[PDB]
*Asks:* 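This is the structure, below, for whatever I ask next.
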There are 2 protein chains.
Amino acid sequence: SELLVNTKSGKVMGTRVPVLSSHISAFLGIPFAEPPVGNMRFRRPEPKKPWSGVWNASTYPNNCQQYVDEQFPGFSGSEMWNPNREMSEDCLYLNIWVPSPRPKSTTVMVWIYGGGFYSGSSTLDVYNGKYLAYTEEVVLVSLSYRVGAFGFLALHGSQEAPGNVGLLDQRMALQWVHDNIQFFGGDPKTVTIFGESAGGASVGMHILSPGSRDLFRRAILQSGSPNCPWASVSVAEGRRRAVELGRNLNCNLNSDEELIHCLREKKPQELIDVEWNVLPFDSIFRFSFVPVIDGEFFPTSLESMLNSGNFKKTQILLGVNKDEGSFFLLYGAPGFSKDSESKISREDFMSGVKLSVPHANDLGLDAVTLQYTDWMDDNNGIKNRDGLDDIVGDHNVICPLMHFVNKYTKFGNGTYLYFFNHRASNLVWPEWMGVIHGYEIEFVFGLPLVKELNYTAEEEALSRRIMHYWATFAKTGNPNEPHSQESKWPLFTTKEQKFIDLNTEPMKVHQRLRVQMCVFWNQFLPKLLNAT
Amino acid sequence: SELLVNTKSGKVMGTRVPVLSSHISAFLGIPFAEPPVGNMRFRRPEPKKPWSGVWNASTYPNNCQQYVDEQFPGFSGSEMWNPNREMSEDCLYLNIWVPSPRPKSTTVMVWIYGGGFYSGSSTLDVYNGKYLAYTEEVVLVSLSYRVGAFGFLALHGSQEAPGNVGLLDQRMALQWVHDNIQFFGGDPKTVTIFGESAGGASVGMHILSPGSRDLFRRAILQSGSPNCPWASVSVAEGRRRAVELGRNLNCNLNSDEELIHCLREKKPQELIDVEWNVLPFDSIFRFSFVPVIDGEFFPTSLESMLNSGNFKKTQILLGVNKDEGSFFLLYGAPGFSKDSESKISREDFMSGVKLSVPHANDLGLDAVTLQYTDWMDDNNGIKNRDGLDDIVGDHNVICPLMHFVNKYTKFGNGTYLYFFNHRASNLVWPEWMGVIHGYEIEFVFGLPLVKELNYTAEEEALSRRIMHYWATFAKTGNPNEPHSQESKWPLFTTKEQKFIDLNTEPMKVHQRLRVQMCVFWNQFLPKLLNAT
Ligand SMILES: *[C@@H]1O[C@H](CO)[C@@H](O)[C@H](O)[C@H]1NC(C)=O
Ligand SMILES: *[C@@H]1O[C@H](CO)[C@@H](O)[C@H](O)[C@H]1NC(C)=O
Ligand SMILES: *[C@@H]1O[C@H](CO)[C@@H](O)[C@H](O)[C@H]1NC(C)=O
Ligand SMILES: *[C@@H]1O[C@H](CO)[C@@H](O)[C@H](O)[C@H]1NC(C)=O
C-alpha cells in the first residue's frame, strides 16, 4: 500500500487527499516526542517510544495550548491564525504530504510556523502543504512545537525548566525527519527548513545552534531573523518573567523547585490567562516567553556568533513584506482601528513611538521621531500612520533581517533576498494595513491556485512562480532554473547587495534594501542608547 | 553749498560724485570717535572731540587693522574683500551718500560690514552706496568698527579690555547718526541698520542690547544672526583666548594689567600674526576674537533674551543665500580646492564633519554624518561635496537664523524672510561653490546697474527689485509697495512661516525654510550633546 509506511518508530497509515483534481498522500499527526504533560511540562522533549501496530495518520493532531485571539470574533482575517483543532499539551506531532506515486529520494521542505513564540498551529488552512507538495513534487513536512510558557519558560540553572524547550521540540522533529523521511520518499540529505515570523527566527536559530546544524541542508526565512528584538531574552530577564508568572498565580517563590512545582499543578489556561502580565514595559511587538540566550542552545551572544562565523554555512533565501508593522499597531497602538483609515494625530504618533521602542530613553525616542517625521507636513494623518507602520516594521523585522543577511553573507555559500509587496486582491483587512505580515504565506503554499478562493489569474501566476522559486532553491540552492529564459533572481553579495521585488509585475532588481533606515536602527540608535 | 554740512561735531565738506550719468553728494571719512590708539587700544571708544574749521570729507578713510587674505594672490574673488585703503588703528570713520538736491527728512540706511569680526572694510567697491542712495533716494551711511583683537579682546572684569568694544564702535556711529543725520537731510526717526554676516549678527546684537535699541527704527540681517555659533563666546573662553594671545607674544601673564600692558606695546601686525593660534579646536567657521556674553552689552544669555522677549520689538527683514558653507570648506577643509570640482571622498567627508562641528563628541559626529549621508550612494563625490556645503551652511548660518526668526516673530511687529539663490553670471569662483556667502551684497548695492560690470539684463532687474524691497522696507516697515500690481512678498508668521526666493524667476512663496535640517541643528543635536 501507498498509504502504509514503515518507520523506525513504527508503521503509519496515511490518507489519500484530493488536490487540484488529482490526489496525493498525507500522513497527518505523526508523533515525534513523548507527550510533554504532567511532570514533563517545561522539560526538554523526549523521543517518542516506538509503537506496535499501525498509527492512524489520517487526521490532523491537536494544537499546542496557546493564547487565542478573540479581538475580532467571527472575522476570518484574525481567526485564520487561531487554532482550528482542540488544544492540548499533547501536541508534538508532524504532518507529511507525499507526491503520488511515492517518490524515491526527492527534495524535502520542513515548515516551521510563526506566531511570536506564543501561538501557532501546523494545521491552519493556510499551511495546507498539499498544493506545494503536488505542484513542485516535493515531500512537504510541517512540524509543531510548544509555545508560550509551555515552550519557553526559562529558569536557567534548573533542569526542570531550562528554557528553549520549544526550540528543542523543533530540533527533535528535524531529527525524526533526518532519521525517517527516506521511508516516505524523501532525501534526508536535501532538507530545507523554512518558516515565517517566529518560524523564520527559529530557522535562523537552528543555523546558529551547533546542536541543530547537521539536521538540514539549507534554509528559508520569511519576515523573521534570529537577532530580532522580540525573539530572545537574556537568562536574567527570562528568570524575572518566570518568577513574575508565579507571582501572578500565587506561587511559592522560595526556590526554582517550589516555583516549577506550583506552575505544573496549574491548568494550561491558568498560565495563559496571566501570560501577558509579565512583560517589563508597556510595549507592542514584545512577547512574554521566547528563546533565551542560555550558553547551551546558543553558546554565546547572537551578535558574536554572527560576527565570528559561528554558524552553519549553506545557502539561504529570505525576505520581508512591505508593511510588517501594521499588525501590531492595530492591536496595541492608540488611534488605530480595524474599520477606519486610522489617520494618526501628532500625539498618537508620539505614543506609538514609545510603545515601539520601549527600551529607549527620551533622547532615543527623539532620535526615532526625528528620523520618521516629515517636518514640512507633521500633522498629515496618513504620513503619521505610515510612519509608525515603518517604525514598527523596520525596528522589529526588516532591519534585524538586513543585519542578519549582511553578517551571514560574509561566511555563507549563497544568499537570495526578496521584498514581497503585492497586496492580495481578496484581503479582508483594511487597506491602510498594506502588505501585511504573513500574507505572503498563502502564495508560498499555493492557495491562489484554488479558484474558489477568489484570487486573480495574476495572483495564481505569482503563487506558482514563488512556489517554484522556493522549491527550486530547496532542491539546488538556487531559486532560478538553469538555462531558463525567465528573468533571473540575482545573488545577494556583500558588495552589491541586490534583491528582487515579489509581485505581479515584471521582476525588478534593487540594491540596499531600506539601508537608510537600517543604518539608523542597526548602527546609530544602538550607539546612542549605549552612550546615554 | 550743497557739499558743506554743519554738524554738532563741526563742519564737513563733501564731494560731488557721478553715478549712472547723474551725480550725488558723498561725505567720506567722517570721524565719529577718538582714535583708539596707544593706551586706548582695547578700550571702549570715546566720542570724537568737536573740531574747528572744515573737515575734508572728500576721500575714503583708513581701514582698521586686520588679517589680510593672501590665499589667492591677484584673484579678484578674494581680494575684493581685502582692505583697499592703508590699514590703521585710526580707523573709526563713517561715510554718507546723500541724494542731490539735499533731501529734507528722508529714510536713512546704515550699513554694517561683515567679515567674521576679524576683518571688514567700509570702503570696498562692493559697498559703494552711491547707486542705492541715488536709485532709492535715501541717505546711505556705512560705518566702521574695530575687528580682531583690537575690537574684541575680552578680559572681563577689567576696564582696560572689557570686550565688545567693536560693537560699542558701531553703537557710537549709530549715536552720531541719531544726533547729526538731520543736517544731511536724513530722518533720525527712520533709520534702518542692515548688515551681512558678522554685520547681520551685529544688527541682531543691537536689537538685543538695551544700550543700542533706541538708536534705530528697524533692521535687516543678511546671512547673519546674533545666536550664530561663531558670533559669540563666553567670558571664560574670551579670557582664555586673550591669555593664550599673550602667551603667543611672550607676555607677562601674572595679571590682567600686565597682559594688557604687554599687548599694547605690540605693533598691530604682531597681534594679527598670531591671532589664529588661540582657537580651542581644529575647526572651520570659527574666529578668535568675537563678541562676549558679558552681562553688560548682553544682560543675560542670548537664548534667554530671545525666549523672554528681552529685545527691541520692530519690523525685520532677513534671509540667507543657498550655499553659505562653500566658502569656508574651500579655505579649510581637505579635498576642496579652487580650480577643481572638489569631489569629496567618503573619508574627506568625515574629516570635514569633524572640522564643522568641533564641539561635538563622537556620537554627535555620527548623528550629523547620518543626517547628511545618502546611504544608497555614499561614495558619490558630488553628494559628499554638497552634503558638507549644507552641513556648514545649516549649522553656522541658516539654522541659527531660522531659530532667531522664529523666536523674534513671537514678539516682533513684522517679519519678512528671503532665500537668495541666484548665482551671478559673472562669478569668478568655481561653480561648485554655488550661491556664495556675500554674493547677494552686489545686488543689494546695485552693482548690476553698471554695464561695465557685465551683468545680464535680468540681473539688473533683480538688483533694482531687491534695492526697492530693502529701501521700501526701510521707509515703511514693509518691502511691498501699497496698491502695486507686482507679486507680493508675504509676512512671515509664527503659524505659516512663509518666505520668498530671490532670483531672476517669477516670485515663489514657500514655507518652513530648511525645517527638516534645522530641527536637527536647533533641537535634536543640542539635546544629544547635553545628555552625552
Ligand atoms: C482514523 O481516525 C479517524 C478519527 O475519527 C476515523 O474516522 C478513521 O476511520 C480512522 N481510520 C482507521 C483506519 O482507523
Ligand atoms: C559555495 O562553495 C563552493 C565550494 O564548496 C564554491 O565553489 C562556490 O563558489 C561557493 N558559492 C558561493 C556563492 O559562495
Ligand atoms: C582733500 O584731501 C585730498 C587728499 O589728497 C585732496 O586731494 C583734496 O584736494 C582735499 N580737498 C580740500 C578741499 O582740501
Ligand atoms: C504692529 O503694531 C501695531 C500696534 O502698534 C499693530 O496695530 C500691528 O498689527 C502690528 N503688526 C504686526 C505685524 O504685528
Side-chain angles (χ1 to χ4, degrees), chain A residues 1-5 10-17 25-31 51-62 84-86 88 90 93 95-96 123 189-190 207 213 217-219 309 311-318 405-417 472-473 475-480 482 489-499, chain B residues 189-190 207 213 217-219 309 311-318 405-417 472-473 476-480 482 489-499:
Chain A
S1 181
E2 181 162 6
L3 298 180
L4 181 67
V5 170
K11 289 177 189 115
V12 307
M13 177 88 264
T15 185
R16 187 151 179 97
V17 312
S25 313
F27 301 78
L28 312 180
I30 299 169
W51 58 85
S52 294
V54 179
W55 190 277
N56 180 0
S58 63
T59 59
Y60 270 150
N62 302 310
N84 62 354
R85 290 284 174 293
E86 156 180 338
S88 188
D90 184 0
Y93 299 87
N95 317 290
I96 315 178
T123 56
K189 326 145 82 35
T190 319
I207 286 178
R213 294 174 192 177
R217 178 68 168 266
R218 42 184 66 104
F311 49 81
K312 180 188 187 80
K313 334 276 197 301
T314 191
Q315 305 85 35
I316 58 163
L317 186 157
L318 73 170
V405 65
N406 274 291
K407 292 290 179 178
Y408 187 91
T409 294
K410 183 169 177 312
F411 295 86
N413 191 234
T415 297
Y416 298 87
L417 179 62
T472 303
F473 171 81
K475 171 176 141 256
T476 68
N478 181 342
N480 305 291
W489 187 344
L491 216 43
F492 172 107
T493 58
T494 290
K495 181 185 177 184
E496 327 249 67
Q497 306 176 32
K498 288 168 176 182
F499 69 100
Chain B
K189 326 145 82 35
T190 319
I207 286 178
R213 294 174 192 177
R217 178 68 168 266
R218 42 184 66 104
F311 49 81
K312 180 188 187 80
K313 334 276 197 301
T314 191
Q315 305 85 35
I316 58 163
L317 186 157
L318 73 170
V405 65
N406 274 291
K407 292 290 179 178
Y408 187 91
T409 294
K410 183 169 177 312
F411 295 86
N413 191 234
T415 297
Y416 298 87
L417 179 62
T472 303
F473 171 81
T476 68
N478 181 342
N480 305 291
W489 187 344
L491 216 43
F492 172 107
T493 58
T494 290
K495 181 185 177 184
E496 327 249 67
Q497 306 176 32
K498 288 168 176 182
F499 69 100

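Throughout, protein chains are lettered first and strands after them, A, B, ... in sequence-line order, and every chain is numbered starting at 1. Atoms within a ligand are numbered from 1 in the order they appear, just like the ligands themselves.
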*Asks:* Just jot down the ring pair (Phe, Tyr, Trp, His ring centres under 6.0 Å) partners of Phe27(A), sequence neighbours excluded, or say none.
*Replies:* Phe184(A)
*Asks:* Under the side chain to side chain contact (heavy atoms under 4.5 Å, CB included) rule, what do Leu417(B) and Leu318(B) come out as? Steps first, then yes or no, please.
*Replies:* CA-CA 5 Å; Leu417(B) 179 62; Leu318(B) 73 170; 4.2 Å; yes
*Asks:* Where do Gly414(A) and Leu491(A) come nearest, in terms of heavy atoms and distance?
*Replies:* CA-CD1, 3.9 Å
*Asks:* Output a table of donor-acceptor pairs, distance under 3.5 Å, between side-chain atoms of residues 54-62 of chain A and any protein atom two or more places apart or on a different chain; print 'none' if there are none.
*Replies:*
residue, atom, partner, partner atom, Å
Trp55(A), NE1, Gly29(A), O, 3.2
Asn56(A), OD1, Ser58(A), N, 3.2
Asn56(A), OD1, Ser58(A), OG, 2.6

*Asks:* Counting only heavy atoms not in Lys313(A), do more than 12 sit closer than 6.0 Å to its NZ atom?
*Replies:* yes
*Asks:* Just to verify, what does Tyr408(A) make a ring pair (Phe, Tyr, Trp, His ring centres under 6.0 Å) with, not counting sequence neighbours?
*Replies:* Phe311(A), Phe404(A)
*Asks:* Near ligand 1, which residues have a heavy atom under 4.0 Å away from one of its atoms?
*Replies:* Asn56(A), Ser58(A)
